[PDB]
Structure formats: structure tokens, C-alpha cells
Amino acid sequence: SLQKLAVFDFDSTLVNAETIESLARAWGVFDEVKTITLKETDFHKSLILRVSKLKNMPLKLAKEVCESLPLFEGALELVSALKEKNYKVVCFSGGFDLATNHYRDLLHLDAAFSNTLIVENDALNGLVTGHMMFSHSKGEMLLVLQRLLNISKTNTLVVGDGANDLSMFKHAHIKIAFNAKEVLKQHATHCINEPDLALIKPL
């Protein structure tokens, strides 16, 4: 019945929060992490530097913070509506799977691809590696999935909010800029300026 692919960004798309930040202030280093943005932004260095600010953070805490992010309204509703229309629903995140694994199960996403916060003796050791370590990581994984599930660009829908989602926007027919930054809105097929994911259903 026609197989389709839907990919969601995580931070500020599914959850009305930025994982690395909620993590930062939970450990009391938000004011430092907030300023770590190296640059035409270097996503890789910025990310690994912020993560290091988390050295020694106990895992139970990090896991608690990551599994408690607030979702945007319509989240579940949107995802169920997509699945009932033969959509494979996936989530891409420059964030971490402590977060993405939880929401993948909660929203019944078919898959989630993010990075891992390396743990040593029950605490974060400040290191990170994974699927989304570079700024063009989403576009790449999208091509991977399309070739894997054998779904075309024409049958792909993408939803994100930041500059980082551009690499994903390139290989999609439907591009939704959800409460997005100027750069992303300007390449979108549709813009949603209201904090409710259900608004996307009419699509």
C-alpha cells in the first residue's frame, strides 16, 4: 500500500527542550555550555566540548534528565497518524540515546539514531561517539535508510527546526520547518509556527 518514510529531528522538534542543555543545568554547568558554540558552526567540536563538561555526572541522574524532557503537543497523535498511513517513522538526533531510546519506545518510533554518552563506573566520563557526530550526519543516514528500506525521496517526509536539519531537507520531498530557524524555514515545503505537532496532520 505504498511504503513511506518520515524522519523527525529530536531536540526542539519532538521535545520542547535541548537535551545537552537540560543536562548542563542539571549538573550546574549550563552557563558555560550555553556559550560553547565554535565556528558557519563546527557541530563536532562544539558537541564534544559540551559533553566533556559533564564528566563524572552519575548515569542515574543523566538518564533521569534525559527521560524527563517535555514533549510538544500532538507528538503521539502525529506519529500514530503517520504510521496509520504506511509511514516508517524514524528519529535523528545530534543528541543522545538515553533520551532517544526512551521516546522511541514511548512514541513507538520504528527507530532512533543518535549518539552515546560514554559511561565509566556508573558515571559519564565526558566522552561521546555515535551516528550523528558531524553536521551533515542526518543527510547521510537518510540516504542510508532510503537505500535500506528502498524508499525514494518522493516518498520521504522530514521535520526539523534548526540549521542542522538542512542536510536532511535535501533528500526529502516534504520538508516541514517546525517553529524553525530562518535558514531552515527558507528551504521548507511548509512552516509550522505553532508549538503543536498535530498541525502537521493536515499534510
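So that there is no doubt, residue numbering starts at 1 and follows the sequence shown.
Novice: What size is the break between residue 39 and residue 40 in terms of deposited sequence residues left without coordinates: none, 1 to 3, 4 to 9, or 10 or more?
Specialist: Unmodelled stretch: 4 to 9 residues.
Novice: Using only C-alpha atoms and the B-factors in the entry, which stretch averages higher, 28 to 36 or 162 to 170?
Specialist: It is 28 to 36 that shows the higher mean C-alpha B-factor.
Novice: Mean CA temperature factor from the deposited coordinates, higher in 138 to 146 or in 41 to 49?
Specialist: Result: 41 to 49.
Novice: Determine, from the deposited record, the chain-internal third of the Cα B-factor for residue 110: lowest, middle or highest.
Specialist: Lowest third - that is where residue 110 ends up once the chain's C-alpha B-factors are sorted.
Novice: Lowest, middle or highest third of the chain for the C-alpha temperature factor of residue 62?
Specialist: For residue 62, whose C-alpha B-factor we compare with every modelled residue in the chain, the answer is the middle third.
Novice: Please rank the C-alpha B-factors of the chain's modelled residues and tell me whether residue 203 sits in the lowest, middle or highest third.
Specialist: Its C-alpha B-factor, which the entry lists for residue 203, ranks in the highest third among residues of this chain.
Novice: In terms of the CA temperature factor given in the entry, to which third of its chain does residue 102 belong: lowest, middle or highest?
Specialist: CA B-factor rank for residue 102: lowest third.
Novice: Looking at the temperature factor on the CA atom of residue 121, which third of the chain's modelled residues does it land in?
Specialist: Its C-alpha B-factor, which the entry lists for residue 121, ranks in the highest third among residues of this chain.
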